[PDB]
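Undergrad: First piece of the complex, coordinates kept as in the full assembly:
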Amino acid sequence: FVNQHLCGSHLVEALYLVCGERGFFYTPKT
């Protein structure tokens, strides 16, 4: 848990840096 302004840009660059684009979710289907 952090105290920053993390609203998408970083949760995206971070989840992707940790997963390596292996079966995760958040692929905005509109």
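TA: Here it is on my side, so go on. Residues are numbered from 1 along each chain as shown, chains lettered A, B, ... in the order given.

Undergrad: Pull the contacting residues for the most centrally placed residue in chain A.
TA: The centre of chain A sits closest to residue A:12, judged by C-alpha atoms, centre = their mean, with a distance of 2.6 Å. With contact set as C-beta atoms under 8 Å, 6 or more residues apart in numbering, residue A:12 has these partners: residue A:26. The C-beta positions use only the backbone N, C-alpha and C, and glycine is treated the same way.

Undergrad: Helix or strand for it, just tell me which one.
TA: helix A:9-19 (DSSP states H and E).

Undergrad: send the alpha carbons of that helix over as PDB?
TA: This file holds the C-alpha atoms of helix A:9-19, laid out as PDB (Å, rounded to 0.1, in the frame of the first residue of the first chain):
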ATOM      1  CA  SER A   9      -1.000   4.600 -15.900                       C
ATOM      2  CA  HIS A  10       1.100   2.900 -13.200                       C
ATOM      3  CA  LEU A  11      -1.100   0.000 -12.300                       C
ATOM      4  CA  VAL A  12      -0.900  -0.900 -16.000                       C
ATOM      5  CA  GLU A  13       2.900  -0.400 -16.400                       C
ATOM      6  CA  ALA A  14       3.400  -2.200 -13.100                       C
ATOM      7  CA  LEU A  15       1.100  -5.200 -13.600                       C
ATOM      8  CA  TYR A  16       2.500  -5.700 -17.100                       C
ATOM      9  CA  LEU A  17       6.200  -5.400 -15.700                       C
ATOM     10  CA  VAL A  18       5.400  -8.200 -13.200                       C
ATOM     11  CA  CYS A  19       3.300 -10.600 -15.300                       C
END
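
Undergrad: now for chain B:
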Amino acid sequence: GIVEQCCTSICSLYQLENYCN
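TA: Putting chain B onto the chains we already have gives this:
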């Protein structure tokens, strides 16, 4: 999958790790 997004619950990075690890 799991929840959390933007800083709605516990805005964590360790929680983003849960996605693959």
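
Undergrad: ok, back up a step: quick check: the residue nearest to the centre of chain A vs residue B:16, distance?
TA: Remark: distance between residue A:12 and residue B:16 (C-beta to C-beta, to the nearest Å) = 9 Å.

Undergrad: what's the neighbour count on the residue nearest to residue A:19 when sequence neighbours are not counted?
TA: Once flanking residues are discounted, residue A:19 sits nearest to residue B:20: 3.8 Å by C-beta to C-beta, 6 or more residues apart in numbering or on different chains. Neighbour count of residue B:20, defined by other C-beta atoms under 10 Å in any protein chain shown: 14.

Undergrad: right, and residue B:20 touches residue A:17 too?
TA: No: between residue B:20 and residue A:17 there is no contact under C-beta atoms under 8 Å: 10.3 Å.

Undergrad: Ramachandran angles for residue A:4?
TA: phi -130, psi -170 (degrees, to the nearest 10).
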